[PDB]
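Participant: I need the structure of the sequence given here:
(6 chains, ligands or ions: 1)
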Amino acid sequence: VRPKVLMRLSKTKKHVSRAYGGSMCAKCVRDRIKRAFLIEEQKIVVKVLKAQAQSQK
Amino acid sequence: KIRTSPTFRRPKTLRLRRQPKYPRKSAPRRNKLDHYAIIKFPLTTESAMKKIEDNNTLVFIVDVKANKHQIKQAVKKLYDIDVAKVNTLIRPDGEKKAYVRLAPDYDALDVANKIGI
Amino acid sequence: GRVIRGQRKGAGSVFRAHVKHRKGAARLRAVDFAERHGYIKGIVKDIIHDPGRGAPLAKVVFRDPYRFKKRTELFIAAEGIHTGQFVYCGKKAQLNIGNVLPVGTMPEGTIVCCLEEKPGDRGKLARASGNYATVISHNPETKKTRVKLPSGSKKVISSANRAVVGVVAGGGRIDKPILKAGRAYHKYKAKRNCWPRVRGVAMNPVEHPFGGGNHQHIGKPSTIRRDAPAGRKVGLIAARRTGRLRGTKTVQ
Amino acid sequence: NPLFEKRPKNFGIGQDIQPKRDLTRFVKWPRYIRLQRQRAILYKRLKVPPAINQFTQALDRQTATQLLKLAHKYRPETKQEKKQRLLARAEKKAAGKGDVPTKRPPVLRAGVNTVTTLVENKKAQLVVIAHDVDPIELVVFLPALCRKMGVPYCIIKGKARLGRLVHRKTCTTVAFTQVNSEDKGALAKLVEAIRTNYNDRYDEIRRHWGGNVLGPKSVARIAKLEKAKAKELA
RNA sequence: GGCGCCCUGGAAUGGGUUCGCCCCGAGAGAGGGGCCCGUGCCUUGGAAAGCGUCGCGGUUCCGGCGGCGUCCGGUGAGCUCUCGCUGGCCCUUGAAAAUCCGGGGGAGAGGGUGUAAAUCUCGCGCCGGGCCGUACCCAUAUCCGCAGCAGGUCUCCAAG
RNA sequence: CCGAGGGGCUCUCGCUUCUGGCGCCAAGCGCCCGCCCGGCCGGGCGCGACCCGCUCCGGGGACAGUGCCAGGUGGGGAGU
Ligand SMILES: [Mg+2]
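Facilitator: Residues are numbered from 1 along each chain as shown, chains lettered A, B, ... in the order given. Structure data below:
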């Protein structure tokens, strides 16, 4: 609808029950969840592979 | 002290209250436009007369500085009657015409009788 | 007695530029502690198009180091970038295409566009579509390097002039003919009010120093001194030679 | 104990947002601030003439506190005690008609225009002179003049402080004419400590130029070139 | 009507589709679902009013009184309007802002129970919405051209 | 440099680079009052986030500029 009529509706007709409800497209939510997961873990991998490098040089 | 911003914005200083020690006009001027000066005279043409019995509305001609809240109390306090709604108009002789509709508790054809027409 | 077309363009009434639908002044980000001492990670969001410019622009967002905010810059889009590319900016940025890093750190013979002509200027030299500048011959004491501008004029500049690596996107733009008068109307509709250029011979002696006569001729020599007054500088201004070219330039 | 954890913030480039640090140098001042600060620099950078440079050589605070202790009981008359002083003269004249009740009320004078009259008549015995006169030509002649009439002078720090002696704001000079003879021995105590420092040194304090030191960011690169010249030789 | 939305599953002997294209292992075809627009139809409004027609009252106010009707279908490169899908063009990329909304965060807040708190963008209910314009012409006669001047003057609607 | 557990003629800095993600409004430590009779709440300060200093940081710099005068040039313009 128009912008000012969004004041008349209720927030059941304006978003979706996911996180990032009426903002994101649900398939980049699916990718933002995987993108945050797979690269917070590799900064644990790159931390510990660096951490065993001072101790065995 | 530390200055966490590179902006030096000027301090909020104290602003006193204007409490003067003599009035500048010595007396509140009176309202020239009161509830008599609002409503000059009623309009008694043929079209206004058949809007009295047909529509429960009586018609005046009102001073042009008067809005509809001022009219609605001015007919209520002069003529001791309830007013439903008011519709104004500037008729091109230059004076404001007001179409005062009454509440259905009252009648227009006898309130017009006690004001003369 | 009447003033001429070349004089009226400085008054700026109907000759002001058409700056409505442009997307902004495309300038590199202002330098601070991050670009003096490290690198900053910025991701290019989009590739946009200024009307009246033939280089495309690229808008990059950067995580703001001082307030929790993101803020958006506009760079001249160096060629070969794509959206969703991380663009690194600072002294210790790694020498890749599209990254921007001071000319004292990149080695000689690299290819640079949009370089600052003085440190902090947010990018002035070699900006138009297809151009590039080459760095040569650093000087580590009295820190100052020279470059090779798109006119072939080599110019010694400061060593900390920040500059984006690569050549400007939109190259080859002048290879296609305009090919008709109507597409030259649309070319200059977006830029200025300069396109239909009436020959000064074709007009009356009030309006140009060459016009008049019963034959369309110049009459007087067309090459003028440089201290000629305003309204007499028409024609070939302060020419070192004329005629069809022999060689390339052969004079510094 | 159960759950609480350290979770520090990396504050290098490209990590967590920098905290609210001091920034009291890098802050855009008003143009009355940096006008007020750049001339304190610019008295230190120009070649200051020795006539202006008589100042910046003031008293040390141990002497200056002894001096204000001496000048404290020679305080001038205020309008509060001027009311009663004209009473006590008039109630006793109404009762006894004293031919001379007080032979010597002593006091210190105030004012440049009054002091200059005392020094060139040699009536003053010690001339306290201020430091921070805003048109410094109001005072610049007076150290050169107390040498010639031989009156001892001392530059004190701060024209606000000797202004409070005379119940005013700034008073730029005071003078000592008639001290009490029982307390001459405190005025004579520090007067050789003073005309050691000002009057006897006049051949040298008139020669001493001022200012002309480069800023610390530019004298540091002077030293770094000299250490490179020092590393060249050895 | 549309979906560049989802699930199962995996396609070459390639297939599916358009007027044109286009589409598919980054998931075709096929099967089942989901949201969006729903200006179309039914329903509430709503038959009481509107009109058509027949008939009888009332000097007069009469938004009189009553009978019956206001029904089925078809077709289209039709015309106008509108919504959508898809392309083409450009050294042409085809406005700003107020306003309104959704999300990310989680400082805080709330009654403490076999009782009810903070809060509520749900369903009702209550009061108010001032001021200025509003007639008429819009022109071979209400405008401008000295005039009821073959001139000039911006648009929307449109049948056989 | 030499060399013995080590010193420093000399130094470099360092804490973010496979990916269209996130990031602020302190965790933690040390202390101190009102608070519990060697225990519990309610607040504040410091470190974390180094100290000092004369320009905000750069680039120019006694030139450029500007003021007055002097000489060139001057149908750009004026008058005839
Ligand atoms: Mg031409």
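
Participant: Tell me how many other residues crowd the closest residue to RNA strand F within chain D.
Facilitator: Residue nearest to RNA strand F within chain D (C-beta to the nearest atom of the strand): residue D:14, separated by 2.1 Å. Using the backbone N, CA and C atoms, a C-beta is placed for each residue, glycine as well. As a burial measure, residue D:14 scores 14 neighbours (other C-beta atoms under 10 Å in any protein chain shown).

Participant: Quick check: which element contains it?
Facilitator: Residue D:14 is part of no helix or strand, with elements assigned from DSSP states H and E.

Participant: In contact with it, which residues are there?
Facilitator: Each residue near residue D:14 by C-beta atoms under 8 Å, 6 or more residues apart in numbering or on different chains is listed here: C:34, C:38-41.

Participant: Quick check: the residue nearest the centre of chain B vs residue B:96, distance?
Facilitator: Closest to where the C-alpha atoms of chain B average out (C-alpha atoms, centre = their mean) is residue B:70, at 1.9 Å. Using C-beta to C-beta, to the nearest Å, we find residue B:70 at a distance of 11 Å from residue B:96.

Participant: what's the answer for residue D:39, then?
Facilitator: Between residue D:39 and residue B:96 the distance, using C-beta to C-beta, works out to 69 Å.

Participant: more crowded one of those two?
Facilitator: Neighbours around residue D:39 and residue B:96, counted as other C-beta under 10 Å, are more numerous at residue B:96. The numbers are 19 against 12.

Participant: quick one on the thing from earlier: show me which of the contacts of residue D:14 neighbour chain D.
Facilitator: Filtering these for proximity to chain D (criterion: C-beta under 8 Å from any C-beta of the partner chain) leaves C:34, C:38-41.

Participant: ok so, going back, part of a strand, is the residue nearest to the centre of chain B?
Facilitator: No. Going by DSSP: H, G, I helix; E, B strand; the rest coil, the assignment for residue B:70 is helix, not a strand.

Participant: Check the spacing between it and residue B:112 real quick.
Facilitator: When C-beta to C-beta is the yardstick, residue B:70 and residue B:112 sit 22 Å from each other.

Participant: Residue C:182 now?
Facilitator: Distance from residue C:182 to residue B:112, counting by C-beta to C-beta: 76 Å.

Participant: The two: who's more crowded?
Facilitator: More crowded of residue C:182 and residue B:112, by other C-beta under 10 Å: residue B:112, with 18 against 9.

Participant: circling back: now tabulate the contacts of residue D:14 in a markdown table and tack on neighbour count and distance to RNA strand E.
Facilitator: Written out in a markdown table, the entries for the contacts of residue D:14 read as follows (neighbours: other C-beta atoms under 10 Å in any protein chain shown; distance: C-beta to the nearest atom of the strand, whole Å):
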| residue | neighbour count | distance to RNA strand E |
| --- | --- | --- |
| C:34 | 19 | 23 |
| C:38 | 16 | 26 |
| C:39 | 20 | 26 |
| C:40 | 20 | 21 |
| C:41 | 15 | 19 |
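
Participant: Helix or strand: which one has residue C:185?
Facilitator: Here residue C:185 sits within helix C:181-189, counting by DSSP H and E.

Participant: hmm, I was thinking of residue C:204
Facilitator: Taking DSSP H and E as the definition, one finds residue C:204 inside no helix or strand.

Participant: wait, it sits on residue C:212?
Facilitator: Yes. With contacts defined as C-beta atoms under 8 Å, residue C:204 counts as touching residue C:212 at a distance of 6.3 Å.

Participant: Looking at these two, which has the bigger crowd around it?
Facilitator: The residue with more neighbours, out of residue C:204 and residue C:212, is residue C:212; 15 against 9, by other C-beta under 10 Å.

Participant: That one: what's its closest spatial neighbour, skipping adjacent residues?
Facilitator: Leaving aside its sequence neighbours, residue C:212 sits nearest to residue C:205 (C-beta to C-beta, 6 or more residues apart in numbering or on different chains; 3.8 Å).
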